[PDB]
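Residue numbers (full-length UniProt numbering), protein chains in the order written: chain A, 286 to 341, 343 to 414; chain B, 301 to 337, 369 to 437, 467 to 499, 533 to 670, 687 to 791; chain C, 301 to 339, 366 to 396, 404 to 441, 464 to 501, 534 to 669, 679 to 778.
Reviewing the structure listed below.
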Amino acid sequence: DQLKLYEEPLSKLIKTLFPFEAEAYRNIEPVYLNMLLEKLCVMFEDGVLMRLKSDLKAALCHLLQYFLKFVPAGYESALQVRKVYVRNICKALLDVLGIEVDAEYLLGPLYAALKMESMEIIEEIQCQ
Amino acid sequence: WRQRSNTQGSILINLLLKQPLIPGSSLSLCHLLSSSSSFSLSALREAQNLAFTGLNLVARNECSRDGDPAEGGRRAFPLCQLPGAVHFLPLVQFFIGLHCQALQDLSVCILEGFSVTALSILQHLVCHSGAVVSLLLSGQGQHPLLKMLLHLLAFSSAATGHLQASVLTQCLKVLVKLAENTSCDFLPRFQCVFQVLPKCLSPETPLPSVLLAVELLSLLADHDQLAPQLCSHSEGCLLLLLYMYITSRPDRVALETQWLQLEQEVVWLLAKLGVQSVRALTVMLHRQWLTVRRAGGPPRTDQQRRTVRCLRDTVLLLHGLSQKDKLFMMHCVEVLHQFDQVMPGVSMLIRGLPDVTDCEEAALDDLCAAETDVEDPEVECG
Amino acid sequence: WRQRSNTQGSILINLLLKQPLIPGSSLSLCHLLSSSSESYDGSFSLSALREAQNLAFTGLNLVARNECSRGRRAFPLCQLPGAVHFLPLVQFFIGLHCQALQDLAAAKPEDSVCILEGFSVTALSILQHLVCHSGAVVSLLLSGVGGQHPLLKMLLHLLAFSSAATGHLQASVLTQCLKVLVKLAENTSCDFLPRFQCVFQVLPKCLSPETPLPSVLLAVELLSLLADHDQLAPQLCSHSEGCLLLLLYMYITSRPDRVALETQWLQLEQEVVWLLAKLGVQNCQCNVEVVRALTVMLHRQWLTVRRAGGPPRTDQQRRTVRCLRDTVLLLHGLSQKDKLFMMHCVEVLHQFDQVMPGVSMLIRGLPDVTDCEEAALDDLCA
Ligand SMILES: [Zn+2]
């Protein structure tokens, strides 16, 4: 219930500070969002998706989306640092994928991650 | 709350040691020390060592700890004392002195990129220390960097170009930061820097400098002595230029989102002008009401949500002016058609918002210009 | 603790930020973060250079925000993440001039590799700092292919380069990389100790007489760190030419070129006696030579202290007399371990016999006397 009483304001703050619209990252300093990135990383190391009670988890996954697709890679931290970040991320996402009742707030994250993977693969096979 | 955000509450050395805050030019700070380039390596390396020492100090600086009870004053959000950036100030002082010397003569251009990176540096500095900004303002020519940055503002007010165009933006950033970081008592000594703002209010200045200037105008109008002094100008009490910038719309590459930021800042400044005590309001309401009325429901995008709130506080300002001054109605006759069409539209649209105010709503019930007509002749129509 | 963690992160970043780390080397951490680097540009392009540089800048931000907490590793320094993120830039700058030394060896250029080597001196100082308070980068290095870690491979490569010839730049960069290496050996565990066997092959060229005393001193410190391994302790002798022992003792006996003050001398001797104590607490002419060298060092120190007994008031004086104490205990250990001691020390035995009553009187003069050393002296009496 302690979670419940601030769940929806928390998610609203996520969506507002991290809107879907691109360029939303330019409003905030990249070191801010970089420490936010490592924060979300260590959160997924905690398996928050299992450890939390309310799936409305959906907000943190939407934040993960904000990081991945709207915010470019290499702006907050380096592309290798952000890469190992999202590596730990998607590994934790797999661990929680093994056991879940609903997938809607999780399938989107995986889609975004594999999408960026597809794009970088296309770039490294730019013409071959 | 034990780390006190020493790392965030510091200079943000992570920010100070980060890829160019400004767009491009790929700088970082001692890259400038690597760059051997107040005209000599003499005192250049002195300022470099002072800045490196100040950086090490701020890294080791824990001025505020566990909650910061030491920072006191009427100034809200007193960052911390942070004597470290004081030692970093001589480097930007020297670089901006070189820049001002390169500006006063009809030279080189790289110093100007170094200059704007130094301005970004200053923005970072005054962002995280109240003692630093207090000495920046206090120290006639006190703190020659302050007078020379005023001279930079004057140099950029004419013969804009592109480098000085960026200098406008970053210097307005640091001033509005210095202004907002200063208490009410420092506004009287900030009046000397405020004297330069009218040149930035010239019809030439680009939109980012314009919106930063409006922010500075608001910060100054928070003072009770700075507001009448700024309104003591000639043209329109220094606000005619601002109002005609609303109606004029000088830039087309400037996105209407940035224009909306400008508009909200202007209307909030004028609302503060009311609490410390028409053509432009009507034309911006015309554009914004067209944009919102073309949409059939609540703004799903954030930009149009801000546009709707802009409608809200703009009709607030309109009813404030009308109740304050009855000359509002014949200040409206020249734009009476725009007004009589926007007012009912924007009032119905805000009625579409479930939340209520009853003050802005009382304003709606007060103005409520309706039907804009009597009837049109149906005979020989179209 | 996390407070101590934040302080140690601040200490690391400060040791990175300062005046150029290695006094006299006008280059600093920035000297690497933003480098013009005019011309291996193939393996490390200018784009790859800026890539390593912003990798490093991000890592520096992280260690500014660091909270790295803490039998395998001797001291729980930090286990700091931003260290391996500096690892890109230092890897770049250390493969730099390593490729170039390799190319100049292939030719058998210099004007550029002098600057490259100054850059790498600064980089190796950064390496020492990031093995001062770390353990993520310290453990990651210890994880080789077998095989070796890439940065470890390149540093060992340029180490063999500088150890083969002790010319202009090689001596200085060698001193720096040996500092790095002794830090590694201090911060590693017994499992990674056999990985430094390649360093055991590179080391004879380091303990050559032509190498200056700071370098060989760091090499002796490294050897003493390595001695704590049943696999490394046997890696001393049974090799006729010197086995990194005959060379050490001919160095301490006949100091080459002696271009240093007196207290600079006997630093090697202190490290040597500590190393031999380490070996003891664990017949080459590796066994025979350490006898006459120890006697001659004890003799010269007994002269320098007997010429003016006085009180141990200067730090070099107490250092010399403590060196005398550990030296005579080591000589007693040498007499215990070998019987040919008296027989094969005859060429210098007289210098030992004259010192014997004087050294015993000095020892008895010390208000602190370890009974082991007293009885050892008594056994040395005949
Ligand atoms: Zn031997």
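For every residue, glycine included, the Cβ atom is placed at its ideal position computed from N, Cα and C.
DSSP-derived helix/strand/coil call for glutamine 432 (chain C): Along the third sequence, read from residue 1 onward, the residue named residue 432 (chain C) stands at position 99. Helix, per DSSP.
Beta carbon shell of ligand 1 at less than 5 Å from a heavy atom: Those residues, listed in chain order, are C:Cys624, C:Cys630, C:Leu632, C:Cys680 and C:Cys682.
Heavy atom of ligand 2 within 7 Å of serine 325 (chain C) beta-carbon: Questions concerning ligand 2 fall outside what the structure shown contains, since the ligands it does hold are ligand 1.
Cβ-based burial, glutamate 409 (chain A) [other Cβ within 10 Å; buried from 16]: Here residue 409 (chain A) corresponds to residue number 123 of the first sequence, with the count starting at 1. Flag for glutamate 409 (chain A) reads exposed.
Selected residue, minimal CA-CA separation from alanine 778 (chain B), among B:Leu727, B:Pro763 and B:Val788: Residue mapping note: residue 778 (chain B) aligns to position 369 of the second sequence, counting from 1. Nearest C-alpha to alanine 778 (chain B): B:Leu727.
Contact set between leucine 333 (chain B) and chain C, taken where Cβ atoms lie within less than 8 Å: Within the second sequence, residue 333 (chain B) is the residue found at index 33, counting from 1. Within 8 Å Cβ-Cβ: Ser328, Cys330 and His331.
Three-state class that DSSP yields for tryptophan 301 (chain C) in the structure shown: Residue numbering aside, residue 301 (chain C) sits at position 1 when the third sequence is read from its first letter. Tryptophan 301 (chain C) sits in coil when the DSSP states are folded into three classes, being neither helix nor strand.
Neighbour list for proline 304 (chain A) in chain B, Cβ cutoff strictly below 7 Å: Looking up residue 304 (chain A) in the first sequence gives position 19. Correct list: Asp711.
Opening and closing residue of the alpha helix (DSSP H) in which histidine 746 (chain C) lies: Numbered from its first residue, the third sequence carries residue 746 (chain C) at position 350. According to the DSSP assignment, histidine 746 (chain C) belongs to the alpha helix (DSSP H) that extends over 742–761.
Beta-carbon spacing of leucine 434 (chain C), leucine 496 (chain C) below 8 Å: Counted from its first residue, the third sequence places residue 434 (chain C) at position 101. Counted from its first residue, the third sequence places residue 496 (chain C) at position 141. No. Outside cutoff.
Residues within the stretch 345–367 of chain A neighbouring chain C, beta-carbon criterion of under 7 Å: Using a CB distance below 7 Å, the part of the stretch 345–367 of chain A facing chain C consists of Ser363, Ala364, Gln366 and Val367, ordered along the chain.
Under 7 Å from the C-beta of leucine 315 (chain B): neighbouring residues of chain A: Residue mapping note: residue 315 (chain B) aligns to position 15 of the second sequence, counting from 1. Under the 7 Å cutoff, chain A gives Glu314 and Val316.
Stretch-stretch touch, CB-based, cutoff 8 Å, three pairs: the stretch 757–767 of chain B with the stretch 727–736 of chain B: For the pair of segments examined, the stretch 757–767 of chain B was found not to touch the stretch 727–736 of chain B: the number of CB pairs separated by less than 8 Å stays below three.
Under 8 Å between C-beta atoms of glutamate 769 (chain C) and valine 724 (chain C): Position 373 of the third sequence holds residue 769 (chain C). Position 328 of the third sequence holds residue 724 (chain C). In contact: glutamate 769 (chain C) and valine 724 (chain C) (Cβ atoms closer than 8 Å).
Straight-line gap, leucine 333 (chain C) to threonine 477 (chain C) (C-alpha atoms, nearest Å): Locating residue 333 (chain C) in the third sequence gives position 33, where the first residue counts as 1. Locating residue 477 (chain C) in the third sequence gives position 122, where the first residue counts as 1. The alpha-carbon atoms of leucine 333 (chain C) and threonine 477 (chain C) are separated by roughly 11 Å.
Residue-level contact to chain A via CB, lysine 318 (chain B), 8 Å cutoff: By one-based count along the second sequence, residue 318 (chain B) stands at place 18. Proximity of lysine 318 (chain B) to chain A, defined by a Cβ-Cβ separation below 8 Å, is satisfied.
Start-to-end residues for the alpha helix (DSSP H) that takes in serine 602 (chain B): Within the second sequence, residue 602 (chain B) is the residue found at index 209, counting from 1. Counting along the chain, the alpha helix (DSSP H) containing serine 602 (chain B) begins and ends at 600–614.
Alpha helix (DSSP H) segment containing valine 586 (chain C), residue limits: Along the third sequence, read from residue 1 onward, the residue named residue 586 (chain C) stands at position 199. Start and end: 584–593.
Alpha helix (DSSP H) segment containing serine 559 (chain C), residue limits: Position 172 of the third sequence, counted from the first residue, corresponds to residue 559 (chain C). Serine 559 (chain C): member of the alpha helix (DSSP H) spanning 557–574, first to last residue.
Top-ranked residue by Cα proximity to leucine 318 (chain A), from C:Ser335, C:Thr766, C:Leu479 and C:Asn387: Numbered from its first residue, the first sequence carries residue 318 (chain A) at position 33. When each option's Cα is compared against that of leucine 318 (chain A), the closest is C:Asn387.
Among C:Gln535, C:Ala438, C:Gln618 and C:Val607, the one whose alpha carbon lies nearest that of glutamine 657 (chain C): The count along the third sequence starts at 1 and reaches residue 657 (chain C) at position 270. If you compare the alpha carbons of C:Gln535, C:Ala438, C:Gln618 and C:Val607 with that of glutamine 657 (chain C), the shortest gap goes to C:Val607.
Counted within 10 angstroms of its Cβ, other Cβ atoms place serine 625 (chain B) as buried (16 or more) or exposed: In the second sequence, counting from the first residue as 1, residue 625 (chain B) sits at position 232. With fewer than 16 Cβ atoms within 10 Å of its Cβ, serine 625 (chain B) is classed as exposed.
Chain C within 8 Å of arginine 642 (chain B), Cβ atoms only: What you label residue 642 (chain B) is simply residue 249 of the second sequence in a count that begins at 1. No, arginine 642 (chain B) lies away from the interface with chain C (no Cβ there is under 8 Å from its Cβ).
Sequence-distant residues of the same chain with beta carbon closer than 8 Å to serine 467 (chain C), five excluded per side: Translated into the one-based positions of the third sequence, residue 467 (chain C) becomes position 112. Cβ within range, chain order: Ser339 and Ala433.
Within 8 Å, strictly: CB atoms of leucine 594 (chain B) and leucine 635 (chain B): In the second sequence, residue 594 (chain B) corresponds to position 201, counting from 1. In the second sequence, residue 635 (chain B) corresponds to position 242, counting from 1. The answer is yes: Cβ separation under 8 Å.
Any C-beta of chain D under 8 Å from that of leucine 410 (chain B): Within the model displayed, chain D is absent; protein chains A, B and C are what it includes.
At least three beta-carbon pairs within less than 8 Å, the stretch 640–647 of chain C to the stretch 699–715 of chain C: Segments in contact, no.
Residues near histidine 536 (chain C) by beta carbon distance below 6 Å, same chain, minus five either side: Residue 536 (chain C) sits at position 149 when you count from the first residue of the third sequence. Only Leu496 meet the Cβ criterion.
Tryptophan 301 (chain B) classed as buried or exposed, judged by whether at least 16 other C-beta atoms fall within 10 angstroms: Walking along the second sequence from the start, residue 301 (chain B) turns up at place 1. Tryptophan 301 (chain B) should be labelled exposed.
Through-space distance from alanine 345 (chain A) to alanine 398 (chain A), alpha-carbon basis: Taking the first sequence and counting its residues from 1, one reaches residue 398 (chain A) at position 112. Taking the first sequence and counting its residues from 1, one reaches residue 345 (chain A) at position 59. Whole-angstrom Cα-Cα distance: 15 Å.
Residues near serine 369 (chain B) in its chain [Cβ-Cβ closer than 8 Å; skip 5 each side]: As a first step, residue 369 (chain B) is located in the second sequence; it is residue number 38 there, counting from the start. So the list reads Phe425, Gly428, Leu429 and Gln432, once near-sequence residues are dropped.
Cβ-based contacts, 8 Å cut-off: residues of the stretch 316–341 of chain A near chain C: Those would be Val316, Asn319, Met320 and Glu323, in chain order.
Distance between beta carbons of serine 549 (chain B) and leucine 561 (chain B), contact taken as under 8 Å: The residue labelled residue 561 (chain B) in the question sits at position 168 within the second sequence. The residue labelled residue 549 (chain B) in the question sits at position 156 within the second sequence. Yes, they are in contact, since the Cβ atoms of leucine 561 (chain B) and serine 549 (chain B) sit about 5 Å apart, within 8 Å.
Residue-chain proximity (residue 270 (chain C), chain B), Cβ-Cβ < 8 Å: Past the boundaries of the shown model lies residue 270 (chain C); chain C is included only from 301 to 778, so the question cannot be answered.
Residue-chain proximity (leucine 386 (chain C), chain B), Cβ-Cβ < 8 Å: Counted from its first residue, the third sequence places residue 386 (chain C) at position 60. It does; some Cβ of chain B falls within 8 Å.
Below-8 Å beta-carbon distance, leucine 312 (chain B) vs any chain A residue: Counted from its first residue, the second sequence places residue 312 (chain B) at position 12. Yes, because at least one Cβ of chain A sits closer than 8 Å to the Cβ of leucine 312 (chain B).
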